[PDB]
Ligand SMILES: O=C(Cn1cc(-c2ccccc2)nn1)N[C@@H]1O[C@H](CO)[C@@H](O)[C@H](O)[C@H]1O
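Single chain ahead, written as structure tokens, the form deposited without the ligand.
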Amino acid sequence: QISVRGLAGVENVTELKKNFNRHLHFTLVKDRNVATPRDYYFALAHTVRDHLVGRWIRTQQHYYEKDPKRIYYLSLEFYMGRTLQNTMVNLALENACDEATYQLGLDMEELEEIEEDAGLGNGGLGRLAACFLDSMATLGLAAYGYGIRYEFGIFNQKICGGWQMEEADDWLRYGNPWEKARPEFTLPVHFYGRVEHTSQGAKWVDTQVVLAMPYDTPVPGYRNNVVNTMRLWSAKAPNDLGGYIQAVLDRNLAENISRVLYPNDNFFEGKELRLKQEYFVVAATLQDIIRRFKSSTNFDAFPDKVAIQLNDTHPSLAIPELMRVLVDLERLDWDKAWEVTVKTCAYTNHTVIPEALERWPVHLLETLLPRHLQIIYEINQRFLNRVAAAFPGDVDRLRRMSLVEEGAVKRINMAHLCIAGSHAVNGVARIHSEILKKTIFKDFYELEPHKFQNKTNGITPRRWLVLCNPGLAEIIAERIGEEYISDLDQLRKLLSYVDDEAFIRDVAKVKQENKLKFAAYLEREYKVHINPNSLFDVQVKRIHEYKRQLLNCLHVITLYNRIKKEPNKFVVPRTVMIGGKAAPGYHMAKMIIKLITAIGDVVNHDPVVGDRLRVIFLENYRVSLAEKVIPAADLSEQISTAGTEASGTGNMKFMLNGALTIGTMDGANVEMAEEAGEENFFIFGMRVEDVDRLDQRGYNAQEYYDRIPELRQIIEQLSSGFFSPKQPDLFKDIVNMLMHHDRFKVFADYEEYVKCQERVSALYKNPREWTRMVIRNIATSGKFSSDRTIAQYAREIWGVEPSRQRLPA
């Protein structure tokens, strides 16, 4: 149908249909008369999967031959989403399969909706891991993603009475056609036990053993015939034992390690099961890495053949684990082992929020990982000796830099451990990386300035443009070709069409079609009722106080009160859409969701408002839902308090898909505004410096309450029970928090936010100019491609050169 989806050859379509029927018959064991859409989805899935295997086997064979430096990306999260369409896109089979399925009397995009999301992540951090695997494969890097195969990913969110309800996400129920179990490569992982010191060295004994079974999933590069591997570990008990029965039933205890993903976004919870997950993935991955290395005995060349990237501190145990293996098993001397470890490891920091920092109680590590605690203490001692030698007499510095935090309960600061054992430490956006050097890690930056770098996040243009917005990818290709898909910088050529009347018409037309399609889905599923002509105001991301969905709520209420104030006055109609999940134990986040639905209950049924304002809460926000709502958005809400959102990635997705952005100078927003020009961005609120000055004199919410009539009115409505008639004090926690314990200064940005919002309503009533500004955003979003991000990691951290060279098909 459209150019960017490849061609549908006669020979190709015919071969596809043949294999489709083969799988339906032999693989699914079904006939056309009993098959359901699900069966058809699977037949197609296995059909596409077949085209991957040849390339997968050749790619791995290629790496074995050339033996290039290997890149290992360790993460406890890989927010993959659906795999069917992304595979067709990267293999250029989309139109062929679409045709083939058409000829068999089936609607392909109906089948695509049947696929379950691989929701093995919480949000930003996990999606970044997913975009990275895609870019690394597209750039010909010999990379491997290593993680855990959770049988239950992020919970499915349901709203009952306006409240969030969590439901188990049983994504493996009907099977996963993309994975290949590899029981033959099962590895043992040890826990507990004790340490014995002999004349030969230290020995970790009397440990409990848990087996790690790997499952490999193919990661296809963009039309270069490269297929990398994502290896996920699953926990299994040894066959070798209350009673015979109970012993068999207690095997579940060991296998619970890979049972479910901890649903916390940017929040640390020191539970033992979580620590086990962290060590489990690290211990299994390193044995696999060393094994593959020995099949290419001095490890002096180890860092020339291996690079280990730590996605946050979650897999930080890789550092002492690597030392344990090199020292205890291979028997290299400490200093040699340490040198190799630092040259091999790199750490990526994702937030400066204190409650997200991993600090493990020493008594936990002591019981669960005896030898690792000893190694950590040893690392700390040698590290502190260096600090003392560089800053003689600075005793407070020693205490601040220690990997060990003193107090009622001793803890290990995993971030300090990562900095000490890595040759590189990077933030995820320029402003975030600076903040790391100026505040949180100032002492470390002073000792080893060379370790600190910046690597601004990015998103993959394949899934976030071609796959989810074919219409836009097409009209762009028409003007500048398809080369941009693997080189986003080329989108700048679109700057010459900003005054092109035809282009302006097409951009606006694609947006309109996307809105109509989403408006339909919103009514087809969830029986709702939006107006496709209104401005689509959307804020989708995990529910958090620092992300300030509450500030958005205050705007919505302000808009509503102004309409009731002057009903016959004209106002640009809007459809305000807020979506995202709240961690199960985050009370305030759960209240915010209930408040959003409560506002919707009042606003959406007030006859005076009509279809001028609607407040929709998007249920179960996930990768597949993001692919639908983002292309249909007009306005992207990125309003975190300056200094709190390390980078953000959702912001980039919206820029690439034609939405204008209203946000604070935080995270990557700064660089985005910088790339597109501040005039083409809706910036407002305090800058980082303003927040600091305010914390200086002390933030008093009362002040804003007394000086802003409209703000006062909103709080009073909340307190009196205007949005909760049957439970007048339902939102007392929210009001109390905003008035007395607001760590994120919501009130401080209210005035400028409302004014700025008026500025967007004004630009929207002039279609031509709004679209032209949109074109300036899309045209300058090239820098936010994860291909650019990965190319910088490769050259500045891993020491490998990216390659666009097509691999033999």
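So that there is no doubt, residue numbering starts at 1 and follows the sequence shown.
The same protein has a further form, the form deposited with the ligand bound, not shown here; the description that follows concerns it.
Placing the ligand by C-alpha superposition of the site, using its position in the deposited complex, leaves the pocket blocked: at least 3 ligand atoms lie within 2.4 Å of backbone or C-beta atoms here. Of the stretches 596-604, 530-538, 481-489, 309-317, only 309-317 has residues with a heavy atom within 4.5 Å of the ligand in the deposited complex. In terms of contact with the ligand in the deposited complex, the residue from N90, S647, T664, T138 that brings a heavy atom within 4.5 Å is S647.
Contact annotation: of the candidates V571, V342, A356, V735, the single residue with a non-hydrogen atom within 4.5 angstroms of the ligand in the deposited complex is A356. Contact here is defined as any heavy atom lying within 4.5 Å of the ligand in the deposited complex, and by that definition each of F267, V428 and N457 is a contact residue. Interface residue remark: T285 is not counted as part of the site for the ligand in the deposited complex, having no heavy atom within 4.5 Å.
Though the partner is left out of this view, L365 does not reach within 4.5 Å of the ligand in the deposited complex, counting heavy atoms only.
Proximity of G124 to the ligand in the deposited complex: non-hydrogen atoms within 4.5 Å are present. Contact annotation: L128 falls within 4.5 Å of the ligand in the deposited complex, judged by heavy atom distances.
Using a 4.5 Å cut-off on any heavy atom, the one residue of 544-562 that reaches the ligand in the deposited complex is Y546.
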